[PDB]
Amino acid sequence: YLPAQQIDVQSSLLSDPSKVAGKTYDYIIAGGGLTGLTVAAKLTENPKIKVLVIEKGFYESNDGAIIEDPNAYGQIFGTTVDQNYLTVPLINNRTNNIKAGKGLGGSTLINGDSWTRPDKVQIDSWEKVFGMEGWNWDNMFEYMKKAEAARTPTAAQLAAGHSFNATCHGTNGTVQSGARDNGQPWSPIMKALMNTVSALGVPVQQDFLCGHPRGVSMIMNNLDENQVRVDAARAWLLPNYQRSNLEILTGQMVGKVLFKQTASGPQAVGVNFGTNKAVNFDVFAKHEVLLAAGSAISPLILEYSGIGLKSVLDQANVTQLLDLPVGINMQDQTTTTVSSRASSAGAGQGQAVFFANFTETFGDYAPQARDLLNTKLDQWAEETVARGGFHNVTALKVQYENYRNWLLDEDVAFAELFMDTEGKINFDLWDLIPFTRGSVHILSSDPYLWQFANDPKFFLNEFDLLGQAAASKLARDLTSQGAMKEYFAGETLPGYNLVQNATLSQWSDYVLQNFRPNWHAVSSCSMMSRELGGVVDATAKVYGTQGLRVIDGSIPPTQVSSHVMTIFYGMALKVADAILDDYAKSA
């Protein structure tokens, strides 16, 4: 990594709210994150469309290594670029922190840069199970390829374990992708891990952009040729910020959507934005207001605007405009870490990802886990609804059956074991397919206080705890197994904190105390049929409203066995097309 030249984009953007207050744009986008900027860029390709992006943070892509270098991952946490949202006290009786980016590019500023794609069956379920017409793998694959420009791996990258299936990578898109390569010798552990699991009959070197992410592979990252993080601002704003029809207001928060009443429901006419209950401004949209503030916030903006569950709104003292199941169905994953020291021979760079299916994760407990899936769905659905994770047991059962189908019938990756080397055998791992459903709701009426109860309800579903415990056990087992054993130089985490012969039950206890949110919450404004409990339709329009869409990570109706940037970019592009279709239909 070399700190190259960075355009000071911020100095050409707006930071004075009085410059936009009371103005009228075609579209107002709340949140200049992944989806917000993608859509902003696509909308402003048409010179007649004036778009205002209101972003809480600022331009941070020129911050140097802490943002630009993928290898500095994590150092930005705790800075002003980290939203650092606080959850309610979780199952272990501690609040947890939600990492999320604050600044143009949102969480793409601070993420791990892992570039993989969901399983075809997961995206197909959006159309086939959730009724979202056109949201299927074939369509999304095209949009996902359209978003990226992949570079093929070098010889050393291939030898380290990379495997590139050229049919799955777009080569002409906006977001560059390629193998992370920090200049260090390649650790042999990625290959060792592949050799270990391939001896168990686990697929290896499947290209994770191809539709069936399974087994152990090295992955692409969203890095340019200079190994610079291609956050969404760099990809979509940097090239386009001089467009006169694209206005970016930084340092300001959208608090609520402004509506006018029509015969066909509330029509969004603008937003109230600002920084405080007494420092806020109205700004108007001729066409639509697009919420792209991230899955933790977009539901809140709706609730602050009077759209949400009456029970939530009443408690918050917000007059209800529309009853919609906003802020429920939220699905984040639980992450645990199993870390071991690698021998000197195992030193070097490299990450490998193991997308373990149901049986690989559960191993000898597979039969028992299968029995639970086959018999407890109704009970789990009832309990999830009872704790406020969802509102319609029948509709939730559909989701559970969908996940069950994936896990037992479709060989979908259940757990992701993310291995980092750099002198260790470090596994960050998470059960990808939670049965728990969480909630994210406002607690009071002033949007600028941002008083919310963000409750992912981790491990309130027993299967998620078992799944995480089994995945964690698997990481430990894999580390001192087969070819991996050669490089194993002692476990440090849990290390002495958990007996080496730990059973699934002991791992469960350990995991309950030592997990963190995966910070990949989705489905807080679920895009699914209204009858299934959706908040937004297939064009991301909030049901019962006009001129209002939620276009971010709040809308995926399911978790995916993948890193979400790819699908979110594809989703943002698809939604931009829908918005533009509507624009064209108004003359």
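Note that residue numbering begins at 1 and tracks the sequence as displayed.
Checked against the record, the higher mean CA B factor of 572-580 and 5-13 lies with 5-13. Set 141-149 against 75-83 and average the Cα temperature factors; 141-149 ends up higher.
Set against one another, the Cα B-factors of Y496, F354, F452, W406 in the record reach their highest point at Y496.
Within the group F435, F488, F130, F414, the record's highest C-alpha temperature factor is found at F488. Among all modelled residues in this chain, the alpha-carbon of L90 has a temperature factor (C-alpha) in the middle third. In this PDB entry, the Cα temperature factor of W115 sits in the bottom third of its chain's modelled residues, the lowest group. The entry lists a Cα temperature factor for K256 that places it in the middle third of the chain's modelled residues. The PDB entry assigns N46 a C-alpha temperature factor belonging to the highest third of its chain's modelled residues. In the deposited entry, the Cα temperature factor of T24 places it in the middle third of its chain's modelled residues.
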